[PDB]
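Quick setup: one chain, the form deposited in one PDB entry, written in structure tokens, and binding and motion questions come after.
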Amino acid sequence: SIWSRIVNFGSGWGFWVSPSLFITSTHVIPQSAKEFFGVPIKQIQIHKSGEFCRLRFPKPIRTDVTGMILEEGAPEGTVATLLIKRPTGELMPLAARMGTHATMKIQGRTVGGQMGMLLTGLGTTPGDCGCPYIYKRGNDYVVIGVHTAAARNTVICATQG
């Protein structure tokens, strides 16, 4: 049911944080779309902070979901989960130890986010960007960013500005 918040989007995926708030990685946005989820793009408040993209819709879209806590990365050392969906239908949760917060240049673009190391040492692939990183803090799920890059165990979670 957390999985139902992860939806194919452009060349990756994105995640419904609340009925009106959808997050994704900026580089996967389909650049020739006129609307997202049936809403003309110019009616959506689309904020890009490097590779972290927030789409705020003018009316609720996913009214079946509750609003989830969204934070800017996690404490260093947190074992988060990257919730990968694949176009075969698989739901592949991967633990990742979160590390340093930084602003980097990746393929010439500025990317604010947090590094992680997958605990598989079973990894990420083209098509996976925009999938969410989450962790559990007490009784609360916390979403901390979106998948943006990985070494060909290092992954990069883009985080809000």
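Residues that one form lacks are left out of the comparison. Rigid core (definition): largest C-alpha set, two forms, superposition within 1.5 Å. For every residue, the number given is its place in the sequence shown, counted from 1.
S.K.: For at least a third of the other PDB entries compared, is residue 50 missing from the model even though its neighbours are present?
M.R.: In none of the comparable entries (those modelling both sides of it) is residue 50 left without coordinates.
S.K.: Among other entries of this protein with both neighbours modelled, does residue 121 go without coordinates in a third or more of them?
M.R.: Comparison shows residue 121 dropped in at least a third of the other entries.
S.K.: Count, per the entry, the deposited residues between residue 58 and residue 59 that are not modelled, and return the matching class: none, 1 to 3, 4 to 9, or 10 or more.
M.R.: Missing residues, residue 58 to residue 59: none.
S.K.: Does the deposited sequence hold unmodelled residues between residue 152 and residue 153, and if so, how many: none, 1 to 3, 4 to 9, or 10 or more?
M.R.: 1 to 3 residues are missing.
S.K.: Which has higher Cα B-factors on average according to the PDB entry: 134-142 or 19-27?
M.R.: Comparing 19-27 with 134-142, the higher average CA B-factor belongs to 134-142.
S.K.: Could you check 129, 96, 92, 33 and tell me which one carries the biggest Cα B-factor in the deposited entry?
M.R.: It is 33.
S.K.: Choose from 118, 104, 53, 70 the residue with the greatest Cα B-factor as stated in the PDB record.
M.R.: If I rank 118, 104, 53, 70 by C-alpha B-factor, first place goes to 104.
S.K.: Should residue 8 be placed in the lowest, middle or highest third of its chain by the C-alpha B factor in the entry?
M.R.: Within its chain, residue 8 is a lowest-third residue by C-alpha B-factor, going by the deposited values.
S.K.: Taking the chain's C-alpha temperature factors as the reference, tell me which third residue 81 falls into: lowest, middle or highest.
M.R.: Bottom third by C-alpha B-factor.
Just so it is clear, the following notes concern the form deposited in another entry, a form of the same protein that is not shown.
S.K.: If you fit the rigid core between this form and the one not shown, which of 43, 100, 63, 107 ends up with a C-alpha shift of 2 Å or more?
M.R.: Per the superposition, the moving residue is 107.
S.K.: So if I superpose on the core and keep residues found in both forms, which blocks of at least 3 in a row have all their CA atoms moved by 2 Å or more between this form and the one not shown?
M.R.: That run whose C-alphas all shift by 2 Å or more is 102-112, the only one.
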